[PDB]
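Here is the structure we will look at.
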Amino acid sequence: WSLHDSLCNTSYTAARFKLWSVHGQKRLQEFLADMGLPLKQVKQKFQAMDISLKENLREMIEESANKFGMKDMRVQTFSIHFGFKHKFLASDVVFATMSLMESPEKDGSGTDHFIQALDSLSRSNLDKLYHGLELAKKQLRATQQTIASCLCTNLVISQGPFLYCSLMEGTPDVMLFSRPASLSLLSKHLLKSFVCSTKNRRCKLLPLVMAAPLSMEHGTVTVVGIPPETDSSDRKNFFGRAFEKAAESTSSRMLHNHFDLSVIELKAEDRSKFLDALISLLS
Amino acid sequence: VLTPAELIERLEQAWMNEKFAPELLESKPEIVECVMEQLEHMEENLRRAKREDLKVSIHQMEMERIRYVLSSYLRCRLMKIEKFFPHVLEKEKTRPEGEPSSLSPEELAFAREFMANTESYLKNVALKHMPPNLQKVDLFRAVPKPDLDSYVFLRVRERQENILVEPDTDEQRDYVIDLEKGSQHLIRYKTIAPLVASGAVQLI
Amino acid sequence: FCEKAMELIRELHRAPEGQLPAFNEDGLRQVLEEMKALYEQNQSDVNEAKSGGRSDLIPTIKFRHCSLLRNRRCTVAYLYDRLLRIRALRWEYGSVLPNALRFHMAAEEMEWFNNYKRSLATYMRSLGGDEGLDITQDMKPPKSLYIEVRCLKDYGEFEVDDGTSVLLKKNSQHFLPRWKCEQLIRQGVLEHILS
Amino acid sequence: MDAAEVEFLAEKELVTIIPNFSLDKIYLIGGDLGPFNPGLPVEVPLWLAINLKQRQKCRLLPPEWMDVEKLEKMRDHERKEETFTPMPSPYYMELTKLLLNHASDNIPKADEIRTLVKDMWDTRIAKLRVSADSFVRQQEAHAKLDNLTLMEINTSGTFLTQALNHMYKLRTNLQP
Amino acid sequence: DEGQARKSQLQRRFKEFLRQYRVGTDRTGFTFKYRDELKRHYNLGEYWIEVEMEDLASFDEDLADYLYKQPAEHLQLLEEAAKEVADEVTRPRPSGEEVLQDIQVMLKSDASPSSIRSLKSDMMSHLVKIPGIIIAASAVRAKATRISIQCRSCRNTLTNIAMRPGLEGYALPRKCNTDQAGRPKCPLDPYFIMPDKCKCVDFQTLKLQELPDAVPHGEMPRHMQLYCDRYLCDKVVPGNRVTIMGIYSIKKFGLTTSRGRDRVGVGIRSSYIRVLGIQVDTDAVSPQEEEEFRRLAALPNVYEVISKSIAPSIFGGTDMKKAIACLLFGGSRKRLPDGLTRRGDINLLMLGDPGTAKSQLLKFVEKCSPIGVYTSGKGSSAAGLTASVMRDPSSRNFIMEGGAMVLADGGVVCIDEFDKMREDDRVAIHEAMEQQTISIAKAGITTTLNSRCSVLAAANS
Amino acid sequence: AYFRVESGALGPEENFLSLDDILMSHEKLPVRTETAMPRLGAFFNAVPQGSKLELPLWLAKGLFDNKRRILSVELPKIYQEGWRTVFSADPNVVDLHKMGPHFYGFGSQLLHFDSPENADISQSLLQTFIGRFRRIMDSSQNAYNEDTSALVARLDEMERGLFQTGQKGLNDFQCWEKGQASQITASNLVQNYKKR
Ligand SMILES: Nc1ncnc2c1ncn2[C@@H]1O[C@H](COP(=O)(O)OP(=O)(O)OP(=O)(O)O)[C@@H](O)[C@H]1O
Ligand SMILES: [K+]
Ligand SMILES: [Mg+2]
Ligand SMILES: [Zn+2]
């Protein structure tokens, strides 16, 4: 991609620059000026960018980010090279495979989307991997747009023990986040952005519960729960048992079909009721 | 008696010859029977062996190769039989006793059935409804004959001398050449067909 | 004159990939009716030529005879080309034809196909000691003993060995011997996965 | 004949492998394959070598002629001459493709070898094109093509033979 | 020597790139892409190839960087390498093909384009990628690549003088090289160009207008001059939207100030783009496309599918969307034996109430038609719609310029606000709508043009 | 596994069951009638002696005899000296598709009528084929994954068969080198039946 597009669509930098805001763009411009990278070069595709700028790119980006309050710009990872052309970082392959599997193109079923994803992992099906990279770019842009819409309208409201955000059918890209895995990843990115961009200290230490429509025929909603976002989080989640205990106490119509217990399907009418129980259960 | 390796060698030689010859070549009952028998014996022997072995898999791969070659050869012969059935049957009918046959007994039965089936179909569908004097179609003239003036690539197995190349109908233009062992030539099949029959050349 | 038979020929010529169109019953009947009409007119002319000794009619008799021969040639060529396509069906699909393909064939063509199928089975049985050799298999040179196959459509139980079978459902994958999967791959039921 | 069948024929050539397993002598119909001992070289047909490599049972050894110096000399000689020169193997192209596609980790300097084999192939294909053009333009009835491999002939043989059949029929029109 | 050594090394590197580059994987296979393309094109008689900049960067990043920064010299070296590789791939060659031909190397990249407005002085002599619209094309003319010159007096000849590419001339020797002794001295400027010794290539000049969406508010669109040669010549026509790769360059005319040059400002120069590659933007058919089209045509409901695809944003109008589909495809033009023609184009008029998406439909058909022109009846004239007679600035003679219905020949012309057109202007379209020609008899020009276009008109009651 | 009956038009006689030969012999041929032909006037009632007609080649071949009893045959303009001279200048620029799809096959069958120009027709057909061979061979063996509509536009039926063979050879080698020749695939007929 282009360095500008990558900076705008990476939840880390996008959250720390508050690019959903109006001053975030100015902060990004200040960052690039501190780097000394011409705007026209950073807006060009990375492959086509002048090689002289690439010599020390990682070190200079790390230094500038350190000046701007980001200390974790660098991560230990792996890359694979073959041929003259083909070079990939591990996270690129992960994102491409995820996008192939959770594709919104409904012409193909999900078992059909699984087959595409599995095929892409073989070097004989390289075209599938590149197609997945394009799909990943689209998905990242959609994620940032949804995060901006949620944060600008104050859709993340704190109940006592947890934060609650609900997606509505009027949302443009809602269709891309109806599938549970996409919704879970979106909820995690949204919590990171919210924690970076909020003022209340209490709301920074809360977990998140997120709901999005699933089927307009049966009036079902997918509900996900994720734990608080902290730099040293144990990554442990208590929402599966809490959900099962709320549904039992309130007699709602919940379905556990995901292999993760923190993703549930709920009857929309019960939703309100459900939540109150959950509140009373966690407070 | 041929060694099995020589038997497979002759199988491959006949395979390629039939693959490039414009006509049905001579039947080779001994090759087919011996190869089928070898496959049967190998299958029986493997039945006595344990399933997990590497040796069993290697044997099975070799048997698959041999089976493919035999099947392709027989398919080629069957295609030629179906394409030229009236002429194949006519040649078999008038064959001298000494001269070798171009059909195995089973191929002959297949060809006779093919001819009878096609003739009965043509009679029952259209020809019986035509005017009385148009009811007989001579299949011998309706079906085209093999074109023996086709050009082929060949490799010389045994040296041959004084081969007459005829470029056209005019005799004055004809000349003579020598075929050396190991050499490769492009020539009309009619000139060299007996050498393919005897095994002096191999069609490639 | 022979334009109806020309239509018969053109229909087949327009499909040079071997597909079987619907049998042209009405065209064939038209050609046969024209042939009968030509024959009757020629018969009247021949009788008059004998009776009155009119030589001037001979060219007309020759013209009609040539037209009759042309009609016969076109009819026979049409039928024979259809037979060739039907024959290819056996080696491309198998012994049991899809009903879609059966629909295009005439009943007499189905009888011809059944007879040919029986003859081919007999010949294939006669090659070897037991069961002979089924030369409709092994259409390509073999590479590996086992292959990976993906189900392109729901097919149900499929026998691997007499003891054991496997259920073919869409988008499942199986690692199986090639000689048991070749036929279903050629029929479009399985897909060969290379990795 | 198609290319897969020429490759099938090429797969009968013998190559050397070092196995990592032990096996007794195998009595194949084609011929005996000597005992297999870990770490020691043994000669087997190319199809078995490729299969064993794909199953992680052996390491392949390059043929003697798959050497950069020898191949460079051969390419230069092929470019200098007018006819086809004798090739190191009757299936050099197929052997190169199979060995370098499946065992490049075992063959040092595989890229140079592939490029040299490609150079030789291009030169020989051009010579065959010149031969066909000369055959048609000069109205020959026969030709000699020595040292030409099966894969090279098969690449354009059907076209040339069909053209020659048509040309012969056009040359023999007037004979009653 | 040192410069020669550096040039030879760079040429060697380009040659190795052409010989060795491969696409594929060890799981599937490998193809020597550029060597094979060169071999096939040369055999076909097409002496050109197209090279991707990303592939060159993958093989050798420094080579791509040099080609970007100093395109002229390194492109010449790359062409020489291409000629060398073309000899090796095809070297034994059939009779009448002894002489090795020059190879034109085209350039293609995946980089994002830059605008005309962004072309600054600091980018002079650099490789640039520019989008635009072709608004004018010149006639095909001859440009010398090699010349031979001869001395008027002594007939001494200098042969095979190489010429610079682009819009650059040559300065002839001032004095001859013949022996001073014995002969009367040769005159100043003794050399003349030998007509039959000159090797020439086809050349063309184009005007490239900026994209309509890139124009700054309140400004007239800007354009740029393009220089095309060899196989790049006659590839594009006015109306084509293109992206061009080229060299930002300066016209190099005579050093002398002949005719007493008197410019309004000093040290100014004329810029142009030397074209190295063209890519026509959608806004020959590959076999994959042709198979896909045959599949579409065979769908049992293809008519419904096409109708649903016409202006899908408009809510209803199903019958009008079905008729527009027929207009887009058209009928069959025929010519009878007597010479009289029957037109196959279909004309359609929408007459109706305001705010019913009539203009939106016309805008869609402009984008959808392979050839489409949108005009307004209010902003049109009789000469503007068909063709005009005007004076040529260079020749001082009358010429002809085609109107909307000449530019839309072979396609569709959408005439909005058809009712606002003047009666004298409307009447000028009668011949073009039926006979599909435009007859002109004016200012000494008597000619007939083709106007085989479909009229799609909208109007109010 | 479907192989139509092949053309035999270049030989002494055409093939009875060949669709191409039937279509080729459907084409017309000018004739002059050498005898009154009663009771057929409706189709051209008697046809007077000396009348000039155009007949299908099969019908002309049926009525023709060496002594010219019923009719005499005239060559089409395409095979007369005027066009033979055009062919000799450069045979690569003449459009043999428009000038009779079966140009060679039709010209070959014209030799049955024993014209005084038989040697010239024969020699012209051979030289035209020789003069066009190199272009056909090059275009067929080097146009890869491209549009060939302009390359086969001017070729006749016999030449289009050679072009298809050349393309088949080029495609097979490209598939083998790219590693696509080893996958087992659905049969050609199955693909054209279930996916077309
Ligand atoms: N049926 C419709 N569906 C969708 N949008 C529509 C429809 N009808 C009108 N509109 C929108 O309303 C506006 C109509 O303006 P437009 O210029 O297309 O109308 P018009 O019929 O050409 O009118 P006029 O005769 O006044 O020029 C546009 O925004 C068009 O997109
Ligand atoms: K002036
Ligand atoms: Mg309007
Ligand atoms: Zn001088």
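In the structure tokens, the first chain shown is A, the next is B, and so on; residue numbers restart at 1 for each chain, and ligands run from 1 in the order shown.
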
Using only C-alpha atoms and all ligand atoms, which protein or nucleic acid residues are at most 10 Å from ligand 4, as a ChimeraX atom specification? /E:150-157,175-180,183-191

Could you save those same residues with N, CA, C and O atoms as a compact mmCIF listing (two decimals), in the first residue's frame?
# COMPACT_ATOMS: atom_id res chain seq x y z
N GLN E 150 26.53 14.73 -47.96
CA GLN E 150 27.50 14.78 -49.04
C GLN E 150 27.93 16.22 -49.30
O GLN E 150 27.15 17.16 -49.12
N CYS E 151 29.18 16.36 -49.73
CA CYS E 151 29.81 17.66 -49.98
C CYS E 151 29.47 18.13 -51.40
O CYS E 151 29.66 17.38 -52.36
N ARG E 152 28.98 19.33 -51.56
CA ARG E 152 28.59 19.89 -52.81
C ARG E 152 29.73 19.87 -53.81
O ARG E 152 29.56 19.53 -54.98
N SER E 153 30.91 20.27 -53.35
CA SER E 153 32.04 20.43 -54.26
C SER E 153 32.70 19.10 -54.56
O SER E 153 32.75 18.66 -55.72
N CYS E 154 33.22 18.43 -53.54
CA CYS E 154 34.07 17.26 -53.72
C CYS E 154 33.30 15.95 -53.72
O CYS E 154 33.90 14.90 -54.01
N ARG E 155 32.01 15.97 -53.40
CA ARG E 155 31.20 14.76 -53.29
C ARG E 155 31.70 13.83 -52.19
O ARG E 155 31.39 12.63 -52.19
N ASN E 156 32.46 14.35 -51.23
CA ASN E 156 32.86 13.56 -50.07
C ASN E 156 31.65 13.34 -49.17
O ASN E 156 30.91 14.28 -48.88
N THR E 157 31.45 12.09 -48.74
CA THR E 157 30.25 11.70 -48.02
C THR E 157 30.59 11.18 -46.63
O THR E 157 31.55 10.42 -46.46
N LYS E 175 32.58 22.89 -42.02
CA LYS E 175 33.62 22.75 -42.98
C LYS E 175 33.81 21.31 -43.39
O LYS E 175 33.56 20.40 -42.60
N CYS E 176 34.28 21.11 -44.62
CA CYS E 176 34.49 19.76 -45.13
C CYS E 176 35.86 19.23 -44.70
O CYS E 176 36.76 19.98 -44.33
N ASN E 177 35.99 17.90 -44.78
CA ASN E 177 37.23 17.22 -44.44
C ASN E 177 38.13 16.95 -45.64
O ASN E 177 39.19 16.35 -45.48
N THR E 178 37.87 17.42 -46.84
CA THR E 178 38.72 17.08 -47.99
C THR E 178 40.09 17.75 -47.85
O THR E 178 40.19 18.73 -47.11
N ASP E 179 41.07 17.28 -48.63
CA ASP E 179 42.46 17.82 -48.60
C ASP E 179 42.46 19.27 -49.07
O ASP E 179 41.84 19.55 -50.10
N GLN E 180 43.12 20.16 -48.33
CA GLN E 180 43.24 21.59 -48.69
C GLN E 180 44.01 21.77 -50.00
O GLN E 180 43.61 22.64 -50.80
N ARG E 183 42.80 21.39 -54.75
CA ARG E 183 41.40 21.78 -55.11
C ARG E 183 41.09 23.19 -54.61
O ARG E 183 41.69 23.60 -53.60
N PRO E 184 40.18 23.95 -55.27
CA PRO E 184 39.76 25.24 -54.74
C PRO E 184 39.01 24.88 -53.45
O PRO E 184 38.41 23.84 -53.44
N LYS E 185 39.07 25.68 -52.41
CA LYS E 185 38.51 25.34 -51.07
C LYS E 185 37.04 24.99 -51.17
O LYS E 185 36.38 25.59 -52.04
N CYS E 186 36.50 24.12 -50.31
CA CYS E 186 35.07 23.88 -50.37
C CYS E 186 34.31 25.03 -49.72
O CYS E 186 34.79 25.63 -48.76
N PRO E 187 33.12 25.35 -50.21
CA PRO E 187 32.37 26.47 -49.64
C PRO E 187 31.88 26.16 -48.24
O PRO E 187 31.77 25.01 -47.82
N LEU E 188 31.60 27.18 -47.48
CA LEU E 188 31.01 27.10 -46.19
C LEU E 188 29.65 26.44 -46.27
O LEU E 188 28.89 26.71 -47.20
N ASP E 189 29.29 25.60 -45.33
CA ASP E 189 28.08 24.85 -45.35
C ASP E 189 28.04 23.99 -46.59
O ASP E 189 27.11 24.14 -47.40
N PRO E 190 29.01 23.11 -46.81
CA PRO E 190 29.05 22.36 -48.07
C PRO E 190 28.15 21.14 -48.11
O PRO E 190 27.94 20.59 -49.20
N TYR E 191 27.60 20.71 -46.98
CA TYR E 191 26.96 19.41 -46.89
C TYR E 191 25.45 19.50 -47.10
O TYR E 191 24.79 20.42 -46.61

Write out as a PyMOL selection string each polymer residue whose atoms come within 10 Å of residue D:167, counting only C-alpha atoms; drop sequence neighbours fewer than 5 positions from it. (chain D and resi 136+139+161-162+172) or (chain F and resi 10+125-127+129-130+133)

Based on the selection just made, write N, CA, C and O atoms of those residues as an mmCIF file, in the first residue's frame.
data_model
loop_
_atom_site.group_PDB
_atom_site.id
_atom_site.type_symbol
_atom_site.label_atom_id
_atom_site.label_comp_id
_atom_site.auth_asym_id
_atom_site.auth_seq_id
_atom_site.Cartn_x
_atom_site.Cartn_y
_atom_site.Cartn_z
ATOM 1 N N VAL D 136 9.421 -26.580 -47.183
ATOM 2 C CA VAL D 136 8.269 -26.158 -47.978
ATOM 3 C C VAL D 136 8.711 -25.319 -49.174
ATOM 4 O O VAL D 136 8.239 -25.523 -50.298
ATOM 5 N N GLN D 139 10.424 -27.342 -51.940
ATOM 6 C CA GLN D 139 9.663 -28.510 -52.381
ATOM 7 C C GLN D 139 10.511 -29.781 -52.303
ATOM 8 O O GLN D 139 10.813 -30.428 -53.305
ATOM 9 N N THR D 161 3.626 -31.861 -40.500
ATOM 10 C CA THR D 161 3.194 -33.032 -41.256
ATOM 11 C C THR D 161 1.881 -32.770 -41.986
ATOM 12 O O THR D 161 1.712 -33.200 -43.131
ATOM 13 N N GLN D 162 0.940 -32.066 -41.353
ATOM 14 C CA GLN D 162 -0.309 -31.747 -42.038
ATOM 15 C C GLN D 162 -0.063 -30.841 -43.240
ATOM 16 O O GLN D 162 -0.632 -31.054 -44.324
ATOM 17 N N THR D 172 0.457 -33.534 -56.604
ATOM 18 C CA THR D 172 0.044 -34.692 -57.391
ATOM 19 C C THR D 172 -1.390 -34.558 -57.898
ATOM 20 O O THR D 172 -2.123 -35.542 -57.972
ATOM 21 N N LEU F 10 -8.875 -32.396 -51.786
ATOM 22 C CA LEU F 10 -7.611 -32.266 -52.497
ATOM 23 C C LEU F 10 -7.220 -33.532 -53.242
ATOM 24 O O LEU F 10 -6.279 -33.493 -54.038
ATOM 25 N N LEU F 125 -2.512 -23.169 -57.811
ATOM 26 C CA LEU F 125 -2.912 -23.597 -56.475
ATOM 27 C C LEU F 125 -1.700 -23.972 -55.633
ATOM 28 O O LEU F 125 -1.652 -23.679 -54.435
ATOM 29 N N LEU F 126 -0.714 -24.631 -56.243
ATOM 30 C CA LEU F 126 0.485 -25.018 -55.512
ATOM 31 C C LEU F 126 1.299 -23.799 -55.097
ATOM 32 O O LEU F 126 1.707 -23.678 -53.939
ATOM 33 N N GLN F 127 1.544 -22.881 -56.033
ATOM 34 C CA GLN F 127 2.365 -21.716 -55.717
ATOM 35 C C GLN F 127 1.694 -20.836 -54.674
ATOM 36 O O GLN F 127 2.367 -20.269 -53.807
ATOM 37 N N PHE F 129 -0.232 -21.847 -52.236
ATOM 38 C CA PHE F 129 -0.016 -22.489 -50.945
ATOM 39 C C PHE F 129 1.414 -22.284 -50.461
ATOM 40 O O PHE F 129 1.640 -21.951 -49.293
ATOM 41 N N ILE F 130 2.393 -22.468 -51.347
ATOM 42 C CA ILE F 130 3.790 -22.299 -50.959
ATOM 43 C C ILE F 130 4.053 -20.860 -50.538
ATOM 44 O O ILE F 130 4.753 -20.600 -49.552
ATOM 45 N N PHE F 133 2.710 -20.150 -46.944
ATOM 46 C CA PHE F 133 2.996 -21.076 -45.852
ATOM 47 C C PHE F 133 3.686 -20.374 -44.689
ATOM 48 O O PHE F 133 3.313 -20.571 -43.528
#

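Pocket residues of ligand 2, taken as those with any atom at most 10 Å away using only C-alpha atoms and all ligand atoms, are residues 259, 260, 261 and 262 of chain E.
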
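Considering the residues E:439, E:257, E:360, E:461 and counting only C-alpha atoms and all ligand atoms, ligand 1 has its shortest atom-to-atom contact with E:360.
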
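Residues of protein, DNA or RNA having any atom at most 7 Å from ligand 3, counting only C-alpha atoms and all ligand atoms, are residues 357, 358, 359, 416 and 417 of chain E.
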
Those residues you just picked out, can you put them in a file as a PDB file, in the first residue's frame with N, CA and C atoms?
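In the end it all went to out-v3.pdb:
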ATOM      1  N   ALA E 357     -35.599  12.258 -14.339  1.00  0.00           N
ATOM      2  CA  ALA E 357     -34.340  11.569 -14.600  1.00  0.00           C
ATOM      3  C   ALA E 357     -34.025  11.437 -16.085  1.00  0.00           C
ATOM      4  N   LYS E 358     -34.586  12.301 -16.932  1.00  0.00           N
ATOM      5  CA  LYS E 358     -34.240  12.260 -18.349  1.00  0.00           C
ATOM      6  C   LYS E 358     -32.772  12.603 -18.569  1.00  0.00           C
ATOM      7  N   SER E 359     -32.268  13.628 -17.881  1.00  0.00           N
ATOM      8  CA  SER E 359     -30.871  14.011 -18.052  1.00  0.00           C
ATOM      9  C   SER E 359     -29.935  12.975 -17.446  1.00  0.00           C
ATOM     10  N   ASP E 416     -29.217  16.820 -25.000  1.00  0.00           N
ATOM     11  CA  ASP E 416     -30.106  17.286 -23.948  1.00  0.00           C
ATOM     12  C   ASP E 416     -30.674  18.653 -24.314  1.00  0.00           C
ATOM     13  N   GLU E 417     -31.781  19.009 -23.665  1.00  0.00           N
ATOM     14  CA  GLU E 417     -32.454  20.279 -23.929  1.00  0.00           C
ATOM     15  C   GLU E 417     -32.744  20.433 -25.420  1.00  0.00           C
TER      16      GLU E 417
END

Please identify every polymer residue within 8 Å of ligand 1, using only C-alpha atoms and all ligand atoms, and present the set as a list in words.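 Based on only C-alpha atoms and all ligand atoms, ligand 1 is surrounded within 8 Å by residues 313, 314, 315, 316, 317, 352, 353, 354, 355, 356, 357, 358, 359, 360, 361, 417, 458, 459 and 460 of chain E.
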
Could you please tell me, as an NGL selection string, which residues of chain D have an atom within 9 Å of chain F when using only C-alpha atoms? :D and (2-4 or 97 or 133 or 136-137 or 139 or 154-160 or 162-163 or 166-167 or 169-176)

Mind dumping the selected residues with C-alpha atoms as a PDB file, in the first residue's frame?
ATOM      1  CA  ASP D   2       1.198 -34.772 -26.348  1.00  0.00           C
ATOM      2  CA  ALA D   3       3.824 -33.305 -24.035  1.00  0.00           C
ATOM      3  CA  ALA D   4       2.693 -35.299 -20.995  1.00  0.00           C
ATOM      4  CA  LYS D  97      12.416 -29.129 -15.912  1.00  0.00           C
ATOM      5  CA  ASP D 133      10.675 -23.270 -44.125  1.00  0.00           C
ATOM      6  CA  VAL D 136       8.269 -26.158 -47.978  1.00  0.00           C
ATOM      7  CA  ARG D 137       9.975 -23.420 -50.011  1.00  0.00           C
ATOM      8  CA  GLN D 139       9.663 -28.510 -52.381  1.00  0.00           C
ATOM      9  CA  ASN D 154       6.634 -32.952 -30.921  1.00  0.00           C
ATOM     10  CA  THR D 155       6.487 -29.185 -30.375  1.00  0.00           C
ATOM     11  CA  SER D 156       5.514 -28.523 -34.008  1.00  0.00           C
ATOM     12  CA  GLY D 157       5.422 -31.941 -35.693  1.00  0.00           C
ATOM     13  CA  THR D 158       1.679 -32.183 -36.299  1.00  0.00           C
ATOM     14  CA  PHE D 159       1.507 -28.806 -38.047  1.00  0.00           C
ATOM     15  CA  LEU D 160       4.464 -29.576 -40.303  1.00  0.00           C
ATOM     16  CA  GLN D 162      -0.309 -31.747 -42.038  1.00  0.00           C
ATOM     17  CA  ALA D 163       1.128 -28.960 -44.190  1.00  0.00           C
ATOM     18  CA  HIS D 166      -1.619 -30.919 -48.183  1.00  0.00           C
ATOM     19  CA  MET D 167       1.370 -29.821 -50.261  1.00  0.00           C
ATOM     20  CA  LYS D 169      -1.715 -33.613 -52.627  1.00  0.00           C
ATOM     21  CA  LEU D 170      -1.371 -30.276 -54.429  1.00  0.00           C
ATOM     22  CA  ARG D 171       1.810 -31.541 -56.130  1.00  0.00           C
ATOM     23  CA  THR D 172       0.044 -34.692 -57.391  1.00  0.00           C
ATOM     24  CA  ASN D 173      -3.164 -33.115 -58.731  1.00  0.00           C
ATOM     25  CA  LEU D 174      -2.654 -33.702 -62.447  1.00  0.00           C
ATOM     26  CA  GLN D 175      -1.973 -37.452 -62.304  1.00  0.00           C
ATOM     27  CA  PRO D 176      -5.028 -39.373 -63.582  1.00  0.00           C
TER      28      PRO D 176
END

Can you check which parts of chain A lie within 10 Å of chain E? Per residue, the shortest pair of atoms and distance in Å to one decimal, counting only C-alpha atoms, sorted by chain and number, as JSON lines.
{"residue": "A:2", "atom": "CA", "partner": "E:112", "partner_atom": "CA", "distance": 9.8}
{"residue": "A:40", "atom": "CA", "partner": "E:114", "partner_atom": "CA", "distance": 9.5}
{"residue": "A:43", "atom": "CA", "partner": "E:112", "partner_atom": "CA", "distance": 8.8}
{"residue": "A:44", "atom": "CA", "partner": "E:112", "partner_atom": "CA", "distance": 6.2}
{"residue": "A:45", "atom": "CA", "partner": "E:111", "partner_atom": "CA", "distance": 6.2}
{"residue": "A:46", "atom": "CA", "partner": "E:111", "partner_atom": "CA", "distance": 9.0}
{"residue": "A:47", "atom": "CA", "partner": "E:54", "partner_atom": "CA", "distance": 7.7}
{"residue": "A:48", "atom": "CA", "partner": "E:111", "partner_atom": "CA", "distance": 5.7}
{"residue": "A:49", "atom": "CA", "partner": "E:111", "partner_atom": "CA", "distance": 8.7}
{"residue": "A:50", "atom": "CA", "partner": "E:65", "partner_atom": "CA", "distance": 7.6}
{"residue": "A:51", "atom": "CA", "partner": "E:65", "partner_atom": "CA", "distance": 7.6}
{"residue": "A:52", "atom": "CA", "partner": "E:65", "partner_atom": "CA", "distance": 9.6}
{"residue": "A:82", "atom": "CA", "partner": "E:25", "partner_atom": "CA", "distance": 8.1}
{"residue": "A:83", "atom": "CA", "partner": "E:25", "partner_atom": "CA", "distance": 7.2}
{"residue": "A:84", "atom": "CA", "partner": "E:58", "partner_atom": "CA", "distance": 5.5}
{"residue": "A:85", "atom": "CA", "partner": "E:58", "partner_atom": "CA", "distance": 5.5}
{"residue": "A:86", "atom": "CA", "partner": "E:58", "partner_atom": "CA", "distance": 9.0}
{"residue": "A:122", "atom": "CA", "partner": "E:27", "partner_atom": "CA", "distance": 8.8}
{"residue": "A:123", "atom": "CA", "partner": "E:27", "partner_atom": "CA", "distance": 6.7}
{"residue": "A:124", "atom": "CA", "partner": "E:27", "partner_atom": "CA", "distance": 5.6}
{"residue": "A:125", "atom": "CA", "partner": "E:28", "partner_atom": "CA", "distance": 9.2}
{"residue": "A:126", "atom": "CA", "partner": "E:25", "partner_atom": "CA", "distance": 9.1}

Name all residues at most 12 Å from residue C:97 (count only C-alpha atoms; drop same-chain ones fewer than 3 positions away) and give them as a PyMOL selection string. (chain C and resi 86-94+100-105+110+113-114+117+187) or (chain F and resi 190)

Just C-alpha atoms for this one: save the residues we selected as a short mmCIF file (atom, residue, chain, number, x, y, z; two decimals), in the first residue's frame.
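Saved file result.cif follows:
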data_model
loop_
_atom_site.label_atom_id
_atom_site.label_comp_id
_atom_site.auth_asym_id
_atom_site.auth_seq_id
_atom_site.Cartn_x
_atom_site.Cartn_y
_atom_site.Cartn_z
CA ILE C 86 -23.02 -40.41 -29.71
CA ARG C 87 -20.02 -42.75 -29.76
CA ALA C 88 -17.85 -40.04 -28.22
CA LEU C 89 -20.40 -39.74 -25.42
CA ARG C 90 -19.55 -43.24 -24.17
CA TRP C 91 -15.84 -42.52 -23.83
CA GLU C 92 -16.31 -39.03 -22.40
CA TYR C 93 -19.02 -39.60 -19.77
CA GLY C 94 -19.55 -43.32 -19.20
CA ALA C 100 -30.46 -34.29 -20.49
CA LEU C 101 -28.29 -35.92 -23.16
CA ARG C 102 -30.70 -38.83 -23.61
CA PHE C 103 -33.41 -36.30 -24.51
CA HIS C 104 -31.71 -35.20 -27.75
CA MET C 105 -31.19 -38.73 -29.07
CA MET C 110 -30.44 -45.10 -28.17
CA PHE C 113 -25.74 -46.74 -28.29
CA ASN C 114 -26.88 -49.68 -26.17
CA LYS C 117 -21.97 -50.29 -25.16
CA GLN C 187 -17.71 -36.52 -15.05
CA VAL F 190 -18.50 -32.38 -20.11
#

At a cut-off of 6 Å, which residues of chain F touch chain C? Count only C-alpha atoms and give the answer as an NGL selection string. :F and (1-2 or 17 or 186-187)

Using only C-alpha atoms, which chain B residues lie at most 9 Å away from chain D, written as a PyMOL selection string? chain B and resi 4-9+16+19-20+38+42+54-55+58-59+61-63+65+149-153+165-169+182-188+204
